[PDB]
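One structure is given below, encoded as C-alpha cells.
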Amino acid sequence: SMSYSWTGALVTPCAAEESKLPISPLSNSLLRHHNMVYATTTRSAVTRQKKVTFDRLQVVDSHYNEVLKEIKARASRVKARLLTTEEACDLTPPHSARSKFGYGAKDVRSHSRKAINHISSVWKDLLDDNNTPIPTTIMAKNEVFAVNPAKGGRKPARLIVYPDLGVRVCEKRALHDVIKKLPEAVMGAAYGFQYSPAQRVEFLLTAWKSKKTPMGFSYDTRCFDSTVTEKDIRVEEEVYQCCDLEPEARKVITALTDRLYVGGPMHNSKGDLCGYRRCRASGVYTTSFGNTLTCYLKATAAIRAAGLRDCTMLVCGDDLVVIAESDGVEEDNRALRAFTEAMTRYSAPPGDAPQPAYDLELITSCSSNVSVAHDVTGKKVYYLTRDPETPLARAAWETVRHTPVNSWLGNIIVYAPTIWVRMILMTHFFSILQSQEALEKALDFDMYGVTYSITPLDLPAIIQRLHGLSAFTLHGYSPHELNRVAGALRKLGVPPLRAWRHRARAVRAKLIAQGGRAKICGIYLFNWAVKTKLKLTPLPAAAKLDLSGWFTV
C-alpha cells in the first residue's frame, strides 16, 4: 500500500512564514553568511509530499516474530492506569494547536468548562465508535536549519499530521501511563531518551570499551514515518494491549488505533481534503514511542538475521546506533549489508550508508557523538558533542527574531563542554544578555516538552551538576572535532575562534566587575579566554541541584 494518497489540494499556511534569515549587526556578529540559514515553509511541502509517498513491501520472518514474542512477554509486566481529564489537561503544552470546537490549549490547561466537556464527549465517542476515521490536519513545520551542501541546499518542510486538540487530550488519558512505563520495560538500556548527556557518554563509552575490537554504525531509515505500515501500527496496539489495562483504556486504545493511528483523512488549514494517510501520523502522542518500539523490534530481528556479534543498541525514535564485535573489515561490511537487507524486508530501507566505523567519535546517535578533550589534571575526558550547524543557525535566528523556541539555552546546557558552545554560543549570548542587562531575568527553556525557568546567572552550577567541573577547564580538543568545528565556522561565516577569544575577554571583564553570580560566570565560563591558570574549585550551588528528571521518560 501507498504511504499516502493525494487529492491535489495544497498544504496551506496559517502563519505568514519567513524563509530567509534577517540580516542584523547582532545576527551578523554571530554568522555572516545569512543566506545559508533558512526556515522551512509550506512552500516546499509539495517536495516533501513526493519524498514521503511510496509503496511499502513487508515480509515478516521467524526472527521478527521471535523478537515480537519477547516484547509482548516483557509488556505483560506493565500495569498502567487511565489519566483523569484534569491530569491529561495538565499534560497539554502551552502553544498546542487550538481545537476546531472553539477552545485552545490555554483553555485546556485552565481546565475550562467548555474545553473539558468537549474532551469528555470525544472520550465517550471513542468508547462508542471503533470505526469512523478521525479527521486530521496537515501542516508544514517551520523549522530553522543551515544549508547542507551535500544533502543539497535546503531541506523541504517536515509535515505534521495531527488530530483535533480534544482528541489529543484523549490520547494522553488512554496512553500516557502506557508510554511512560512500557519503553523501560521492553527496551531497558537501549531506550536513548532516558539518558542525560553525561549518561549517554557513559553508556556509549562503556559499550565501546566492552568489545574486544569494537565496530559501530548508525542506521538511518529513509522517511521512517512513511515506512511504518498498517500492520506495524496494529502490532504496536497488540503490544499496548499486553499491558494490564483498565477496560475503558482497552476500548479507547483500540478505537484510537483503528480510527486514528492506522490511517485516516488529511485536511489542510483551509479545511480542504488533501489526501489519505496509511502510515505513522507524525503529530500523535504515540509517534516517538511508536517509532522507538517499531525501530527496536525490526533492528533487533535484523541483528539476528545478519548474524551480528554481541550487539549493543541505542534507539531514539527512528534513530539507531549499534556497537558490536568486529569480525574483520570485509566480514563486518557483509554483516552490515545483511542487516540492511533484513531491515528493508521489514519495510525500513535506509537513506544513507550504513557504514562500519572503528572510532567511537565517528558514530552518530541522536544527532550527537562522543569526543575527547583533557581537563586540568591532564586527564582524558569524554563528552557529548554534535555538528554545530543547526544550533548556530537557530542561535542566529533567535538573536534576530525573539523566538517561540529558545533552543540556544537548551543547547548551551546540553553541550556546555563543547568547543563551539563555550567559545561561540556562550560568548555571543552573554554579550547580548549583559548589553540588555538581563543576566538576572529568568528565561524559559524546554526539555522533552517540559518547560523550565532558568536565569543566565545559574548556568555555571547547572553545567557543573550536569557535566562536572572539568567542563570549565577542557583543553586540547581532538583533531577531528577541531576540524569539524572549523569547517562549520568557515561554511557559515562565523568569525574564527581567535575572534571570540577576544570578544570573550571583554565579556569576561564586564562580568567579573559585577561580582556575585556574575563574577562566577566570568571566571568559570570564560577562563578559556584568558588562561589565568587559576584553580577552579567546585561551585557550592551545583550541590542543591537536581536535574535527573530533565532527561528521563
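Following the order of the C-alpha cells, first chain is A, next is B, and so on, with residues numbered from 1 inside each chain and ligands from 1 in the order they appear.
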Q: Please return as a PyMOL selection string: the residues of stretch 86-173 of chain A that backbone DSSP assigns to strand (DSSP E or B).
A: chain A and resi 136-140+144-146+159-162
(Q) Would you pick out the contacts of stretch 78-91 of chain A at 8 Å or less, using only C-alpha atoms, so that residues sharing its chain but fewer than 2 positions from it are not included, and give the list as an MDAnalysis selection string? (A) chainID A and resid 74:76 93 108:109 111 116 119:120 169:170 172:178 181:182 185 243:246 249
Store the residues picked out above in a file with N, CA and C atoms, as a PDB file, in the first residue's frame.
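What ended up in out39.pdb:
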ATOM      1  N   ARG A  74       7.549  -9.105  27.740  1.00  0.00           N
ATOM      2  CA  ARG A  74       8.054  -8.026  28.602  1.00  0.00           C
ATOM      3  C   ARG A  74       6.939  -7.007  28.932  1.00  0.00           C
ATOM      4  N   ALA A  75       6.078  -6.734  27.955  1.00  0.00           N
ATOM      5  CA  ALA A  75       4.978  -5.775  28.120  1.00  0.00           C
ATOM      6  C   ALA A  75       3.952  -6.203  29.178  1.00  0.00           C
ATOM      7  N   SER A  76       3.812  -7.520  29.353  1.00  0.00           N
ATOM      8  CA  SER A  76       2.875  -8.072  30.327  1.00  0.00           C
ATOM      9  C   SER A  76       3.235  -7.678  31.757  1.00  0.00           C
ATOM     10  N   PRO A  93       0.885  21.025  26.179  1.00  0.00           N
ATOM     11  CA  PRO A  93       1.877  22.094  26.057  1.00  0.00           C
ATOM     12  C   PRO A  93       1.166  23.426  25.766  1.00  0.00           C
ATOM     13  N   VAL A 108      -7.687  24.443  27.850  1.00  0.00           N
ATOM     14  CA  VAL A 108      -7.451  23.084  28.319  1.00  0.00           C
ATOM     15  C   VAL A 108      -6.612  23.116  29.597  1.00  0.00           C
ATOM     16  N   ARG A 109      -5.533  23.891  29.577  1.00  0.00           N
ATOM     17  CA  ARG A 109      -4.621  23.940  30.712  1.00  0.00           C
ATOM     18  C   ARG A 109      -5.273  24.571  31.940  1.00  0.00           C
ATOM     19  N   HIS A 111      -8.296  24.043  32.620  1.00  0.00           N
ATOM     20  CA  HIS A 111      -9.384  23.091  32.848  1.00  0.00           C
ATOM     21  C   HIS A 111     -10.711  23.772  32.637  1.00  0.00           C
ATOM     22  N   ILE A 116     -13.279  20.992  28.674  1.00  0.00           N
ATOM     23  CA  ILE A 116     -13.443  19.663  29.304  1.00  0.00           C
ATOM     24  C   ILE A 116     -14.626  18.917  28.659  1.00  0.00           C
ATOM     25  N   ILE A 119     -13.837  17.461  25.498  1.00  0.00           N
ATOM     26  CA  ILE A 119     -12.935  16.332  25.713  1.00  0.00           C
ATOM     27  C   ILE A 119     -13.692  15.085  26.184  1.00  0.00           C
ATOM     28  N   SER A 120     -14.586  15.256  27.138  1.00  0.00           N
ATOM     29  CA  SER A 120     -15.303  14.096  27.593  1.00  0.00           C
ATOM     30  C   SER A 120     -16.294  13.567  26.538  1.00  0.00           C
ATOM     31  N   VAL A 169      -5.996  15.271  23.788  1.00  0.00           N
ATOM     32  CA  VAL A 169      -6.100  15.149  25.232  1.00  0.00           C
ATOM     33  C   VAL A 169      -6.536  13.731  25.602  1.00  0.00           C
ATOM     34  N   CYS A 170      -7.445  13.175  24.806  1.00  0.00           N
ATOM     35  CA  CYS A 170      -7.876  11.781  24.985  1.00  0.00           C
ATOM     36  C   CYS A 170      -6.746  10.762  24.806  1.00  0.00           C
ATOM     37  N   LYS A 172      -3.677  11.207  25.663  1.00  0.00           N
ATOM     38  CA  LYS A 172      -2.969  11.257  26.929  1.00  0.00           C
ATOM     39  C   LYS A 172      -3.691  10.448  28.001  1.00  0.00           C
ATOM     40  N   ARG A 173      -5.012  10.579  28.075  1.00  0.00           N
ATOM     41  CA  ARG A 173      -5.795   9.830  29.061  1.00  0.00           C
ATOM     42  C   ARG A 173      -5.540   8.325  28.919  1.00  0.00           C
ATOM     43  N   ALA A 174      -5.673   7.857  27.686  1.00  0.00           N
ATOM     44  CA  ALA A 174      -5.593   6.437  27.376  1.00  0.00           C
ATOM     45  C   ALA A 174      -4.179   5.887  27.421  1.00  0.00           C
ATOM     46  N   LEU A 175      -3.188   6.701  27.050  1.00  0.00           N
ATOM     47  CA  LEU A 175      -1.864   6.164  26.743  1.00  0.00           C
ATOM     48  C   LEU A 175      -0.666   6.749  27.485  1.00  0.00           C
ATOM     49  N   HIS A 176      -0.847   7.892  28.153  1.00  0.00           N
ATOM     50  CA  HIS A 176       0.278   8.426  28.920  1.00  0.00           C
ATOM     51  C   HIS A 176       0.942   7.409  29.855  1.00  0.00           C
ATOM     52  N   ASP A 177       0.172   6.692  30.662  1.00  0.00           N
ATOM     53  CA  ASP A 177       0.809   5.757  31.593  1.00  0.00           C
ATOM     54  C   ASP A 177       1.477   4.580  30.905  1.00  0.00           C
ATOM     55  N   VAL A 178       0.923   4.159  29.773  1.00  0.00           N
ATOM     56  CA  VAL A 178       1.467   3.045  28.984  1.00  0.00           C
ATOM     57  C   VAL A 178       2.827   3.454  28.398  1.00  0.00           C
ATOM     58  N   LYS A 181       5.759   3.882  30.892  1.00  0.00           N
ATOM     59  CA  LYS A 181       6.205   2.670  31.644  1.00  0.00           C
ATOM     60  C   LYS A 181       6.805   1.610  30.731  1.00  0.00           C
ATOM     61  N   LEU A 182       6.145   1.451  29.598  1.00  0.00           N
ATOM     62  CA  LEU A 182       6.492   0.496  28.576  1.00  0.00           C
ATOM     63  C   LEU A 182       7.915   0.584  27.986  1.00  0.00           C
ATOM     64  N   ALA A 185      10.383  -1.019  30.229  1.00  0.00           N
ATOM     65  CA  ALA A 185      10.084  -2.428  30.463  1.00  0.00           C
ATOM     66  C   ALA A 185      10.524  -3.306  29.310  1.00  0.00           C
ATOM     67  N   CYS A 243      -0.244  -5.046  28.131  1.00  0.00           N
ATOM     68  CA  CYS A 243      -0.167  -4.441  29.455  1.00  0.00           C
ATOM     69  C   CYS A 243      -1.442  -4.752  30.251  1.00  0.00           C
ATOM     70  N   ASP A 244      -1.377  -4.585  31.565  1.00  0.00           N
ATOM     71  CA  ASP A 244      -2.556  -4.717  32.406  1.00  0.00           C
ATOM     72  C   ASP A 244      -3.284  -3.370  32.385  1.00  0.00           C
ATOM     73  N   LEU A 245      -4.391  -3.327  31.653  1.00  0.00           N
ATOM     74  CA  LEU A 245      -5.129  -2.091  31.415  1.00  0.00           C
ATOM     75  C   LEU A 245      -6.541  -2.083  31.989  1.00  0.00           C
ATOM     76  N   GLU A 246      -6.987  -0.880  32.340  1.00  0.00           N
ATOM     77  CA  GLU A 246      -8.376  -0.587  32.610  1.00  0.00           C
ATOM     78  C   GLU A 246      -9.220  -0.929  31.375  1.00  0.00           C
ATOM     79  N   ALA A 249      -9.748   1.859  28.956  1.00  0.00           N
ATOM     80  CA  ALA A 249      -8.494   2.096  28.259  1.00  0.00           C
ATOM     81  C   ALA A 249      -8.368   1.180  27.067  1.00  0.00           C
TER      82      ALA A 249
END
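For the atom pair formed by atom CA of residue A:383 and atom CA of residue A:464, the distance is 13.2 Å, given to one decimal.
On the backbone of this structure, DSSP gives alpha helix (DSSP H) within stretch 44-101 of chain A to residues 45, 46, 47, 48, 49, 50, 51, 52, 62, 63, 64, 65, 66, 67, 68, 69, 70, 71, 72, 73, 74, 75, 85, 86, 87, 88, 89 and 90 of chain A.
The gap separating atom CA of residue A:37 from atom CA of residue A:23 is 10.5 Å, in Å to one decimal.
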Q.
Which residues are close to stretch 540-543 of chain A, i.e. within 9 Å by only C-alpha atoms, leaving aside same-chain residues fewer than 4 positions away? Reply as a PyMOL selection string.
A. chain A and resi 458+460-466
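Candidate residues A:216, A:516, A:192, A:104 were compared for distance to residue A:318, and the nearest is A:192, using only C-alpha atoms.
Using only C-alpha atoms, the contacts of residue A:425 at a cut-off of 8 Å, with sequence neighbours closer than 3 positions omitted, comprise residues 392, 395, 408, 412, 420, 421, 422, 428 and 429 of chain A.
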(Q) Need the shell around residue A:127: protein/DNA/RNA residues with any atom at most 10 Å away, counting only C-alpha atoms. Skip same-chain ones fewer than 4 positions apart. Format as a PyMOL selection string? (A) chain A and resi 121-123+248-256
